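Asks: got an experimental structure here, sequence first:
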Number of protein chains: 2
Amino acid sequence: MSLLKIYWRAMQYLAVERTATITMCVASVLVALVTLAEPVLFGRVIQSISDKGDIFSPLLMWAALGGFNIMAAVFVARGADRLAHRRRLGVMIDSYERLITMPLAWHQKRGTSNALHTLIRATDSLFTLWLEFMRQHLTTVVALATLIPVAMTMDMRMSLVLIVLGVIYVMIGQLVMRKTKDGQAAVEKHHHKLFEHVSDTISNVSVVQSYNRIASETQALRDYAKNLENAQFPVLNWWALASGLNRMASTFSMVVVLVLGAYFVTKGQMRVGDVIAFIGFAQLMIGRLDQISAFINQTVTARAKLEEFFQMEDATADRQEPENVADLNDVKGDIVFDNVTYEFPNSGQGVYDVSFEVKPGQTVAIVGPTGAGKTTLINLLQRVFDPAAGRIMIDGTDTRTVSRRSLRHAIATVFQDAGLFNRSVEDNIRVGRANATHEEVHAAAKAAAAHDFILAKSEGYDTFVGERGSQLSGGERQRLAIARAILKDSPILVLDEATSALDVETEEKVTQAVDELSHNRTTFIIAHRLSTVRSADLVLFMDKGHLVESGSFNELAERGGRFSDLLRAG
Amino acid sequence: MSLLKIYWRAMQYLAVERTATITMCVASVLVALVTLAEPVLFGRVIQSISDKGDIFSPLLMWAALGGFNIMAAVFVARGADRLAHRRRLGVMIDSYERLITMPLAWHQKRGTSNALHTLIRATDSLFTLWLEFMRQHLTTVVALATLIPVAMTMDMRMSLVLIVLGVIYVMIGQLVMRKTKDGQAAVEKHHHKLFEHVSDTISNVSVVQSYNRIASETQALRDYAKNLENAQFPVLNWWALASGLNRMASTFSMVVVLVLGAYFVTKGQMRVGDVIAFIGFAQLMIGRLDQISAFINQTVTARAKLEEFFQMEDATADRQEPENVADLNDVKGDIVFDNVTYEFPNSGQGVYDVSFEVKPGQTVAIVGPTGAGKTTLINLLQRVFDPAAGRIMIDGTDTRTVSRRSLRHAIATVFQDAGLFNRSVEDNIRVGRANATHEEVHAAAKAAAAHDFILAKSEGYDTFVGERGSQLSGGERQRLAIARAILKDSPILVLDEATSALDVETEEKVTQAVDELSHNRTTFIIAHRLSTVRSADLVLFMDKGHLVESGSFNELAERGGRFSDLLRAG
Ligand SMILES: OC[C@H]1O[C@H]2O[C@H]3[C@H](O[C@H]4[C@H](O[C@H]5[C@H](O[C@H]6[C@H](O[C@H]7[C@H](O[C@H]8[C@H](O[C@H]9[C@H](O[C@H]%10[C@H](O[C@H]%11[C@H](O[C@H]%12[C@H](O[C@H]%13[C@H](O[C@H]%14[C@H](O[C@H]%15[C@H](O[C@H]%16[C@H](O[C@H]%17[C@H](O[C@H]%18[C@H](O[C@H]%19[C@H](O[C@@H]2[C@@H](O)[C@@H]1O)O[C@H](CO)[C@@H](O)[C@@H]%19O)O[C@H](CO)[C@@H](O)[C@@H]%18O)O[C@H](CO)[C@@H](O)[C@@H]%17O)O[C@H](CO)[C@@H](O)[C@@H]%16O)O[C@H](CO)[C@@H](O)[C@@H]%15O)O[C@H](CO)[C@@H](O)[C@@H]%14O)O[C@H](CO)[C@@H](O)[C@@H]%13O)O[C@H](CO)[C@@H](O)[C@@H]%12O)O[C@H](CO)[C@@H](O)[C@@H]%11O)O[C@H](CO)[C@@H](O)[C@@H]%10O)O[C@H](CO)[C@@H](O)[C@@H]9O)O[C@H](CO)[C@@H](O)[C@@H]8O)O[C@H](CO)[C@@H](O)[C@@H]7O)O[C@H](CO)[C@@H](O)[C@@H]6O)O[C@H](CO)[C@@H](O)[C@@H]5O)O[C@H](CO)[C@@H](O)[C@@H]4O)O[C@H](CO)[C@@H](O)[C@@H]3O
């Protein structure tokens, strides 16, 4: 009963556009009625006083009906294609807009590559379902529902024979389908195994001739081929059935209905027009049942993907409530933390309660071991989630009562694997500020010493960079991120190992630039290297969610035991 | 006219199996004849003295013909599937056996990954061509060739009307196909561009929220969607034409032929049976022409791949002549080189003429700069090609008059990227000797110190390793290759930077093992590191295909100027 829910949800999403869907129902009903009436008219024209009499009017009206069917067949397909494409693009808009504001926590919880794979796969499958169902699978249901009573009231006995033929055909089709699906597991296992073997043993191209094993490899692959043939032999007939059962049933039904009609005419109570109309009914229903079976098979194959997409959409549906809450302006940088604690893996907290205060005009540097407390500190600085216990206040205002719009906008960010778009580097620089303009970008590039490297080389500053910096290295995207951060001129800068990918000569000038360009702002630098930490003001210590050392450079010379050991070690 | 050659070659390859192909021709002819005779019998039974008279015999014979058609439809499909699968496996056998003996020079000239891609792609396409043509595309040609004269001699005027309908249908189908293919370029460009954009901007998942550009990204993607819709709008009707022209032409032809027949009957010179037979002929030819058009479209799509496969097969066809030429036995290792020269890129030789002699019981080490002469030296040692000018002699016998069977079998090989199969490590060790057995493999593993690393860890010595050592590192495959080389106990060992992927403690013991296990054999070690070269006997020098220094360790202390500088440098 799960599939019916899927169909109901798909139709509910489809029925959003009410200005172009109402005509589809009437068009489908009209085409079903005309395709049902065509064989009856064929019978009427064939049985016209043997073969003489006024037949000009029946021929004319049949030709008019055929022309109407032609026009409907042309127009409905185009309408369905347009509506399906528009609805696909609209649902893509909705899914994108709903997912872009979704926090990163759930993204890293469920993964991102799988999310994209399922999203585009489900969009394609749902588009396939929306389109094919508007052309050849909505009219068939109406045609059958109208055919059953007409055929019954015409000749109930032939009607029940017809129903028996239909049900036996669908049963044998289902049996054939299930047998084929049972055989595929073994057949693909052997098939993929053999092709993997041959791909490896040819792409190696260095060990097939480094072993002198032409004969052994040939014998092994012959044995694999023999095994595959022995596995294929049991399932051969079912392929023939699955390939020709439509024609099988069509011919069988036509022969049986024609011989039954002739046998009844032998006594004499009917004509030939109704017989040929019944033949047309039989072939039409056989074709439509084949189409319906194919549609059901496709839906069963895609059910898992559609169910996963629906589950993801429902999971991302329930979100926060938009409101015009008061924001903050002219941020200074006086952040206070009290009793902040958050559990990342839900199996033990990484950080403990802490009471910290940072004042404007003084940078703060934290250095620690391989513990994960620094990441939690950065996350609570950015406020990417709702802390379970703690208090974060800015400028006399709580961070929970301030919307992300300004609260973030006052805060920058630079990490190691800074995502770069796949478009040009010039746009990847202009994306540092909302609109900006093309004179200060050069100043930012000079300030980060990233102008000469991109102007002379890289075919100018208008080159397309690949995904995840596939064309550049760590240092190049590093310098680009530094340039973006400095041109953004955010009041607060947060740093996390943002200088660990260049040699000493460039590292020294990068540190000098980021220090000379940042005096009236507070920076939070987090790095294992002990080169950029000496240019800070406040020195902190991290150890398994605890505080031991928190002071300046003129107090750490004799305070603490582990910090002195770390300082003398390197 | 190129396609006809492709069809001829495909049929020539198919006709190899003459014991199961002759029956296919007669089966196809019989099914074509019965499917042509079915509508005529339908007409005969419908037109049987109005609707009275002896019709039991026509019904019985028609039912027998229908049963024969049913049996043929069941049996021919299975026969075609079996024959196509057997022929596919056979041609795979032939291609593998012909390519495995193919030298590596052409493989690296044309590439390997592309070779595999085209080989399996062409095999799949050729199997598709072999199968579909045996069921629904060989009988149609015979059916048409038999229908044209029968229909002409029945009613030439309706026959020419039928031919006109067929030709106009195929012309409009071709026009529709070409218009669709013309639109494909633009539609796919915009489609892939939009999906690449959305994939990048969702998989980044770190910069859509690091820019505060929800509105800008939404507007940009809306503009992209609008552009895609504006590009899709011009091509909408042509899609409807392709997804319904079959039914279009079928209905139009049926209506026109029936109205023409009724108009001729109005005067009165014919009956209804021939009319319904003509209707059946029209629908049958419409369906078969649709199938033929689809087949031609598929063949045009696959023509490039088939042509490339045929060209590759012809290129690899012409090879050497097998012969029982005299081989060598009990190799010692006294190799002489004189005036050997070979050009790798055909744009300048890398090596020059040289006169070198190596004696048994003395290893030879060559050290040189980043020049490519060492690779040429190794290649001429292995004799993987035919040198243009030079003389290589072993044991009083030329290498050109000795087959590769023994000439190689006396020679081992170890490189950096030693190919490992995707199967278990135990087999990757047993592949060092032809048959061997499971006691000396442990001795070899202990000798290379590769037993403890694989027994305790890696879930025993029966673990599956990925392609190109995807699961292991350089050191592990390194030690496995060293173990394979030492267990192969070849009279001559050639080394090429085969010790450059481990720390000093393991490198020292590896060198000690390979030296203690090799005294009565000559080894050729080629490495840039100056650690394993000191354990050699004869010291050589390489410089741009020249000889400067060639002696022992007791002569290099004052001979040469560059060698002393290199020795003191590191
Ligand atoms: O405007 C509007 C419009 O549109 C349109 O559309 C368009 C488009 O565009 C679009 C887009 O698109 C996209 C796409 O898509 C995609 C993508 O993806 C991705 C990719 O992917 C991939 C894949 O691949 C794969 C592979 O695999 C495979 C293999 O195989 C193997 C095997 O095995 C097997 C077995 O065998 C057996 C046998 O069987 C047989 C059968 O037979 C049958 C048949 O039937 C049929 C027919 O058909 C016909 C028709 O019909 C149709 C139509 O439709 C239309 C449409 O249109 C549209 C609309 O919308 C408008 O207009 O479309 C469609 C499609 O969908 C088409 O089709 C058309 O066009 O219509 C009608 C009406 O009525 C209906 O019906 C339907 O629908 O028609 C025509 C003429 O006629 C044609 O077409 C055709 O022909 O029919 C029938 C009825 O009548 C039925 O039944 C069916 O349907 O055939 C025959 C005749 O001919 C018959 O008779 C029979 O019955 O078949 C099958 C198939 O083929 C098979 O099965 C076979 O062949 O049997 C025997 C005995 O007999 C035995 O013995 C054997 O064994 O089988 C089994 C079962 O179970 C299994 O196993 C299988 O299957 O084996 C062999 C030997 O061994 C060989 O062959 C081989 O080996 O392999 C594997 C393993 O084994 C398997 O499994 C498989 O299957 O593979 C590979 C490697 O690995 C992988 O990869 C995979 O897996 O696929 C694809 C496809 O496409 C491709 O492409 C690729 O390659 O990938 C990549 C990555 O990067 C890329 O490329 C992509 O991306 O995409 C997406 C995602 O993203 C999605 O979507 C998808 O997925 O694509 C393209 C390119 O790319 C582009 O375009 C795009 O992208 O999108 C959308 C939608 O979707 C939208 O937006 C648009 O628009 O385009 C298209 C193209 O296609 C066109 O077409 C159109 O135009």
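Replies: On my side now, so go ahead. Residues are numbered from 1 along each chain as shown, chains lettered A, B, ... in the order given.

Asks: what are the bridge partners for residue A:365, then?
Replies: Per DSSP bridges, the residues bridged to residue A:365 are residue A:525, residue A:539.

Asks: would you confirm that it contacts residue A:524?
Replies: Yes. If you go by CB atoms under 8 Å, residue A:365 and residue A:524 touch, sitting 7.5 Å apart. In this view, the C-beta of every residue, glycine as well, is placed from N, C-alpha and C.

Asks: looking at the two, which one has more neighbours?
Replies: residue A:524 (22 against 19; other CB atoms under 10 Å in any protein chain shown).

Asks: let me see the contact set for the more buried one.
Replies: Residues in contact with residue A:524, defined by CB atoms under 8 Å, 6 or more residues apart in numbering or on different chains, are A:363, A:364, A:365, A:366, A:378, A:381, A:492, A:493, A:494, A:495.

Asks: will you turn those into JSON lines that also has distance to the ligand?
Replies: Putting those into JSON lines (distance: CB to the nearest ligand atom, whole Å) gives the following:
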{"residue": "A:363", "distance to the ligand": "48"}
{"residue": "A:364", "distance to the ligand": "47"}
{"residue": "A:365", "distance to the ligand": "46"}
{"residue": "A:366", "distance to the ligand": "44"}
{"residue": "A:378", "distance to the ligand": "36"}
{"residue": "A:381", "distance to the ligand": "39"}
{"residue": "A:492", "distance to the ligand": "42"}
{"residue": "A:493", "distance to the ligand": "40"}
{"residue": "A:494", "distance to the ligand": "38"}
{"residue": "A:495", "distance to the ligand": "38"}
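
Asks: of those, which is the nearest to residue B:48?
Replies: Set against residue B:48, the nearest of the contacts of residue A:524 by CB to CB is residue A:378 (91.9 Å).

Asks: coming back round to it: JSON lines for the contacts of residue A:524, including distance to residue B:77?
Replies: Formatted as JSON lines, these follow (distance: CB to CB, whole Å):
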{"residue": "A:363", "distance to residue B:77": "79"}
{"residue": "A:364", "distance to residue B:77": "77"}
{"residue": "A:365", "distance to residue B:77": "76"}
{"residue": "A:366", "distance to residue B:77": "73"}
{"residue": "A:378", "distance to residue B:77": "65"}
{"residue": "A:381", "distance to residue B:77": "69"}
{"residue": "A:492", "distance to residue B:77": "73"}
{"residue": "A:493", "distance to residue B:77": "72"}
{"residue": "A:494", "distance to residue B:77": "69"}
{"residue": "A:495", "distance to residue B:77": "70"}
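
Asks: any idea how far residue A:37 is from the ligand?
Replies: Distance, residue A:37 to the ligand, using CB to the nearest ligand atom, to the nearest Å: 23 Å.

Asks: burial measure for that residue, as a count.
Replies: Residue A:37: 17 neighbours (other CB under 10 Å).

Asks: what of residue A:196?
Replies: By other CB under 10 Å, the residues close to residue A:196 number 12.

Asks: kindly report the same for residue A:49.
Replies: What residue A:49 shows, counting by other CB under 10 Å, is a neighbour count of 8.

Asks: now residue A:35
Replies: What residue A:35 shows, counting by other CB under 10 Å, is a neighbour count of 22.

Asks: check which helix or strand covers the residue of the stretch 51-200 of chain A found nearest the ligand.
Replies: Nearest to the ligand in the stretch 51-200 of chain A, going by CB to the nearest ligand atom, is residue A:124, at a distance of 4.1 Å. Counting by DSSP states H and E, the element that carries residue A:124 is helix A:113-135.

Asks: mind listing what's buried along that helix?
Replies: When neighbours are counted by 16 or more other CB atoms under 10 Å in any protein chain shown, the buried residues of helix A:113-135 are found to be A:115-116, A:118-119, A:122-123, A:125-127, A:129-135.

Asks: now, which of the residues you listed sits nearest chain B?
Replies: residue A:116 (5.7 Å; CB to the nearest CB).

Asks: surely the closest one and residue B:200 touch.
Replies: No. Between residue A:116 and residue B:200 there is no contact under CB under 8 Å: 9.8 Å.

Asks: residue A:480 and residue A:420 touch, don't they?
Replies: Yes. Contact criterion CB under 8 Å: residue A:480 and residue A:420 qualify, at 7.0 Å.

Asks: got any residues that touch both of the two?
Replies: Residues touching both residue A:480 and residue A:420 by CB under 8 Å, 6+ apart: residue A:428.
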